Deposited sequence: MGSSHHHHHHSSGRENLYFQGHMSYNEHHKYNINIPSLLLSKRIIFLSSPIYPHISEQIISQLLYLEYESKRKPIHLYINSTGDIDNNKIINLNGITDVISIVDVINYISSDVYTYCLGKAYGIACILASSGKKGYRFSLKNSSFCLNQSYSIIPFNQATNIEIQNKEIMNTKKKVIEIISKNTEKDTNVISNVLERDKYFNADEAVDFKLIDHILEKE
C-alpha cells in the first residue's frame, strides 16, 4: 500500500522493464476499484525499452499497448506528467493520457522511435495517430526518422497539452 498510491499517484521513474507493465496495470486496476471516477496521476520519467543503448525489454511495444488499453478501459481519467524524459514507448504512454490533461515540465524531452510484427507496428501507429490527431500516413513518415521534441515542440505536435511553469 505504498504512499504515493494513497494519493492516486503512479510514478514511472525507470526504463520499462518486463515487470513494470505488470505493476502499472495492477496499480491502475487497484485505483479504479478504489474510487470509480477519481483521477489518476501518472508521472513519467523514462527512456522506454532502452537503457544505455541496450534493449531492456523485448516486449516493450506489446507491453505499453496493454497499458494504454487498460487506461482506455477504466472510468477514472488518467492525467500524465512528463518530468525528465519520455522516449520511445514512454512517449507513446505519456501521450495516451486524457486529452487536455497531458502535462510536461519546462525542460522535459520527448522522442518517438510475422503478422505479429505487422499487426503490432500497425496498432502503435494507430495509437499515436489518435493521440496526436494526425493521419496514419503522416505518422508513419515521422517514424522513419528519430525525432526529438522539447516541451513546446511536443505541444505543437499535440503529444502534450500544457506546460507547467512555476
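> Please give the gaps, as residue ranges numbered from 1 in the deposited sequence, where no C-alpha is present.
Unmodelled stretches: 1-35, 149-165, 219.
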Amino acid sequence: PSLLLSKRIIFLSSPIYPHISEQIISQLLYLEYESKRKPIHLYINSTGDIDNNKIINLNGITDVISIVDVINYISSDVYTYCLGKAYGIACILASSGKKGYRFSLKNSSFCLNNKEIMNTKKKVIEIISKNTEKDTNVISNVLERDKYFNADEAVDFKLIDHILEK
From here on, numbers count along this sequence of modelled residues.
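> Which has higher Cα B-factors on average according to the PDB entry: 63-71 or 137-145?
Higher mean C-alpha B-factor in the PDB entry: 137-145.
> Looking only at CA atoms, which has the higher mean B factor in the entry: 128-136 or 53-61?
Mean C-alpha B-factor is greater for 53-61.
> Based on the PDB record, which member of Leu28, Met118, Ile44, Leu112 exhibits the highest Cα temperature factor?
Each of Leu28, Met118, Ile44, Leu112 was compared by C-alpha B-factor; the highest is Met118.
> Within this chain's modelled residues, let me know which third the CA B factor of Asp152 belongs to: lowest, middle or highest.
Tercile = highest for this residue's CA B-factor.
> Could you place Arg37 in the lowest, middle or highest third of its chain by Cα temperature factor, using the values in the record?
Middle third - that is where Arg37 ends up once the chain's C-alpha B-factors are sorted.
> Based on the entry's values, in what third of the chain does the Cα temperature factor of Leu4 lie: lowest, middle or highest?
Highest third, going by the recorded CA B-factors of the chain.
> Based on the entry's values, in what third of the chain does the Cα temperature factor of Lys98 lie: lowest, middle or highest?
As the PDB entry reports it, the C-alpha B-factor of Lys98 lands in the middle third of its chain.
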